[PDB]
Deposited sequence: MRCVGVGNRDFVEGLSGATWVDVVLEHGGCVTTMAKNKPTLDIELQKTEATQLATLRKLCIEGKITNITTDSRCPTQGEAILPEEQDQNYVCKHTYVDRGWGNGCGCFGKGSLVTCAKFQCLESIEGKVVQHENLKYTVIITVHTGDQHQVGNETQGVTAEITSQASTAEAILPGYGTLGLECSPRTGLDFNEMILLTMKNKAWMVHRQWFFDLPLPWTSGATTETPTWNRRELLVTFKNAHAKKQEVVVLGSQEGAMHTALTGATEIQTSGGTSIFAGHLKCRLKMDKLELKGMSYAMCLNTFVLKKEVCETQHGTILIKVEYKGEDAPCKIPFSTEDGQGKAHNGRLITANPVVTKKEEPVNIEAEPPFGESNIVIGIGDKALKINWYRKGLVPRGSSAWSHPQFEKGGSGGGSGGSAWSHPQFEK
């Protein structure tokens, strides 16, 4: 009884007297699954887990400039030059600076100057990509019982290579699961937190970038972006590094989906295609007889968001466990029970019954006899 009254709920039913049923678990919602002469089961994707992700590119967000050197020449003698202009992880700009007798030169005019600084990254972020080969899904299967709560479920794991599993459902048998671990988006990881972002958006980030290789001395492409050169009055040229882009990134990531990371493991809302074989799932309480006493409802019958009605009834007879008589009417019609094979286990505890009534006016009668419970109901359908 775990998915009544949830908006994100899917009904999938085994066609043509099937023994197997296809579900696509999309995290968040859950899938209620029925097959004929089988227990109805609520299935949902508890979490998706990823480990050992390949870094595709490293972007710097806080840099540092050191080892700064200058060289200037004079208005007659052409353009200044520094060997650091070809040394890597060095960012530089030429300007002209006013030259004359006072700063040392023979004649007057504008002379070449170039400032060169050694760039280094103090702290970086990574864009890691999600390998389908290290996803690990876990599915929770609870049986859509009438067991009491106003309204514990066994779980099974799915690796990409070990794609099959068996869920033991105590009292109902063994469900077999064969799911197929079936995204142009990157995990942007920054400082023990992570986001999921479009990847051309990531590749267009105005930040210095090296590749995913593990060398502790990488060359930073577009270093320039964290270094500003200022030659205001043609007397000097100053270089300074921009200071961390952590705040700017955070502001640019408000809309992004935040992702939990704790210890290399990261958790996703994933979508897993899958399907269930219930060949060794057969219902509880087919031995039991019909129920001879009367039934009365503990609450008002309630329509769920998907059109099914939920009914809580108390049985005040003494046949100890008994199958619950149930049908609908126009004019007899036999009802569509999502809580498959309702049975009263004990006269004190009430039971929940989820049923899909026909469209229009219908009469649900529970129990047997002529003072048995009758519930007038009218199901509307106005919007898809």
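- Missing from the model, relative to the deposited sequence, are the stretches 152-155, 187-191, 340-342, 397-428.
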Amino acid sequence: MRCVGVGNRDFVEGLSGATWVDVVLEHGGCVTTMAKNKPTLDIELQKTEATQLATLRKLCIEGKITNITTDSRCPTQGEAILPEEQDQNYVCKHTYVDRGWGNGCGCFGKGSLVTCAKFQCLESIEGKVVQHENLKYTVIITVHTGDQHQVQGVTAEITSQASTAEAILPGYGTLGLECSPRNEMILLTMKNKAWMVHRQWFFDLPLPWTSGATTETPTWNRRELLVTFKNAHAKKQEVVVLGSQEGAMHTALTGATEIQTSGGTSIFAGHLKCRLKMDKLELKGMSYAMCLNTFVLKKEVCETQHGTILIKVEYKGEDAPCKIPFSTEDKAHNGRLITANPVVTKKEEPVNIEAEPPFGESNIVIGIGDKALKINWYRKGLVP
From here on, numbers count along this sequence of modelled residues.
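- Stretches 82-90 and 268-276 differ in mean CA B factor, with 268-276 having the higher one.
- Judged by mean Cα B factor in the deposited record, 209-217 ranks above the other of 91-99 and 209-217.
- Remark: of 40, 48, 328, 70, 328 shows the highest value [criterion: C-alpha B-factor in the PDB entry].
- For the set 252, 107, 309, 281, the PDB entry puts the maximum C-alpha B factor at 281.
- The entry lists a Cα temperature factor for residue 172 that places it in the highest third of the chain's modelled residues.
- Looking at the C-alpha B-factors along this chain, the one for residue 44 belongs to the middle third.
- The deposited CA B-factor of residue 342 belongs to the middle third of values across its chain.
- Split the chain's modelled residues into thirds by C-alpha temperature factor. Residue 358 is in the middle one.
- Sort the chain's modelled residues by C-alpha temperature factor and residue 22 lands in the middle third, per the entry.
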